[PDB]
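First, one chain by itself: the form deposited in one PDB entry, in structure tokens.
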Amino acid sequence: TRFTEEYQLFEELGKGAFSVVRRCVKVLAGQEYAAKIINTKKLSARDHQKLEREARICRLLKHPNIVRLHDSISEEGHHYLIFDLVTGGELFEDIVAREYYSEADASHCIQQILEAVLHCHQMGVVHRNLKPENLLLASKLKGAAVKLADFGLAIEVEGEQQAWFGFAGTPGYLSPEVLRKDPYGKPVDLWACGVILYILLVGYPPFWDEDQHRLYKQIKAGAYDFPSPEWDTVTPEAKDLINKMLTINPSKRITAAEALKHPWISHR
């Protein structure tokens, strides 16, 4: 089949429970990509349909700040998802290396993430799993694009119609509405953007407990603050944008298109 004929495989870039990502070259085109490789015989039909779902949602999306899926090739024993190669690693890794970002750098970062998220929302896709582990730097060069990845938990929504679709996401990034079994939709991604923006500016999250019982109570209550001294020199407008994203009521919470016009993003 077409992958073995058209591509050469090189070094491992990343690994999951059920996948390996290797650099590949589309030999006749002289173009590099990242191949996410799944051993199909080791997976259930349920795991297969989750993969088909991910590929289907990725193909809806064409944006400079979203990892593009170029091809999907099912060979005997292995399935290949051919994505953009990105070489700058996870935003999570960048934040640990730098400790935290300047307001200028954090504004530039969250602007690109909001552009990606708005594009998803306009295409009726809710990601549900926004986190720095899931945002990739296109390269290691300064100013390299941040790109949304891992649509394995994403859902398709019908206009603005909401429901409790189910319990999905990453504990520290979960929205109050998801934890309360309230109807949800696009706003869950803006809550995660808030958690991300908080982390960018000081290098730790607004909600953390070893004890998940306490973590979920803390998220549902909107129980975060801005401790001294690190937050004392942070502009009020940066705090205001975080507060508008970490609004417990998902109706009142800032939208992606609204956040893109907030003066902390717009005035640059």
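Basically, rigid core = biggest C-alpha set you can superpose within 1.5 Å across the two forms. Residue positions are given as counts along the sequence shown, with the first one as 1.
What follows is about the form deposited in another entry, which we do not show.
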| query | finding |
| --- | --- |
| Residue from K131, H78, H121, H108 whose Cα, after superposing the rigid core, lies 2 Å or more away between the shown form and the other one | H78 |
| Displaced residue check between the shown form and the other one: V234, CA, 2 Å or over, core reference | no |
| Core-aligned CA displacement of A223 at least 2 Å between the shown form and the other one | no |
| Core-aligned CA displacement of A55 at least 2 Å between the shown form and the other one | no |
